[PDB]
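Read through the structure below, which is laid out as structure tokens, and then see the notes.
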Amino acid sequence: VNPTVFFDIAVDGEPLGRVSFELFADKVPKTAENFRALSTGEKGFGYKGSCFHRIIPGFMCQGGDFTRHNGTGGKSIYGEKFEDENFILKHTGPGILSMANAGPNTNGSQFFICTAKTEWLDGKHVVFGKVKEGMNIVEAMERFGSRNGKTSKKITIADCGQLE
């Protein structure tokens with residue numbers, strides 16, 4: 025009953041592979057529904073064509089800024105920012121999907137994919153999903169990041185949507 029969405033990832037326009045995510049709609053329904061709608065684009069805007077603007081190997085891949093493409097933009101289906109829903113789920117290891125924010129109750133559309141267990145983020149960023157298939161593709165994305173987060177090639181979401 026938990027939805028599954030996919031990202032087809034392209035590197036400088038060349039297809040890399042597909043990542044699918046389980047969204048924990050049972051535990052964080054309002055936040056999950058945000059990510060799901062933005063993945064299908066059914067509200068008229070969302071993630072298709074946007075880039076991963078910050079990739080730090082051994083830490084995380086950050087994306088979701090589809091209005092300014094650099095970490096300063098984005099917006100939710102609920103408006104420009106929505107509340108921290110809960111912190112039931114923790115940052116337990118690689119593959120965790122969590123919301124970026126700018127302080128309490130500032131969730132928009134930016135998210136990150138953890139590539140290591142980030143426990144210091146617990147209680148500060150809302151965890152709402154996990155990589156289901158294609159963790160190897162996230163590992164391949166990592167190799168295009170750097171210590172300061174700048175990517176050496178452009179990593180884009182060429183297509184996305186709902187599988188299940």
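In this text, residue positions in the sequence shown follow this note's numbering: the first is 25, and each later residue adds one.
Idealized CB from N, CA, C, for every residue including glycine.
Burial state of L40, where buried means 16 or more other Cβ atoms lie within 10 Å: Looking at its Cβ environment, which holds 16 or more other Cβ atoms inside 10 Å, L40 is buried.
Relative to the C-alpha of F135, which residue among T28, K177 and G97 is closest? Closest in alpha carbon position to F135, among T28, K177 and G97, is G97.
Compare the C-alpha of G68 against each of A182, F106 and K99 and name the closest. Cα-wise, what sits closest to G68 is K99.
Sequence ranges, beta strand (DSSP E) only - wholly within the region 44 to 104, length at least 3: Whole beta strand (DSSP E) segments, 3+ residues: 76 to 80 and 84 to 87.
Hey, quick one: how far does the beta strand (DSSP E) through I161 stretch, first residue to last? DSSP places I161 outside any beta strand (DSSP E); the residue lies instead in the alpha helix (DSSP H), whose first and last residues are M159 to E166.
Would you be able to state if there are at least three C-beta pairs under 8 Å between the region 81 to 96 and the region 108 to 117? Short answer: they don't touch.
Cβ of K178 within 7 Å of Cβ of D32? Taking 7 Å as the cut-off, the beta carbon of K178 is found no closer than this to the beta carbon of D32.
Which of helix, strand or coil DSSP assigns to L40: If DSSP states are grouped into helix, strand and coil, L40 belongs with the strands.
For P27, is the classification buried or exposed, using 16 other Cβ atoms within 10 angstroms of its Cβ as the cut-off for buried? Result: buried.
Applying the 10 Å Cβ sphere with the 16-neighbour rule, what's the burial state of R92? Exposed, because fewer than 16 other Cβ atoms sit within 10 Å of the Cβ of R92.
Starting from the C-beta of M123, find all residues in its chain whose C-beta is less than 6 Å away, skip the five residues before and the five after it, and write them out in chain order. Contacts found: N131, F135, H149 and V150.
Residues in the same chain with beta-carbon distance under 7 Å from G82, minus the five sequence neighbours each way, listed in chain order, please. Same-chain partners within the cutoff: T139 and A140.
Could you check whether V43 and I161 sit closer than 7 Å to each other, using their CB atoms as the reference points? Closer than 7 Å, so yes.
Boundaries of the beta strand (DSSP E) in which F30 is found, first to last residue: Start and end: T28 to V35.
I need the DSSP call for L187, collapsed to helix, strand or coil. Reduced to three states, the DSSP call for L187 is coil.
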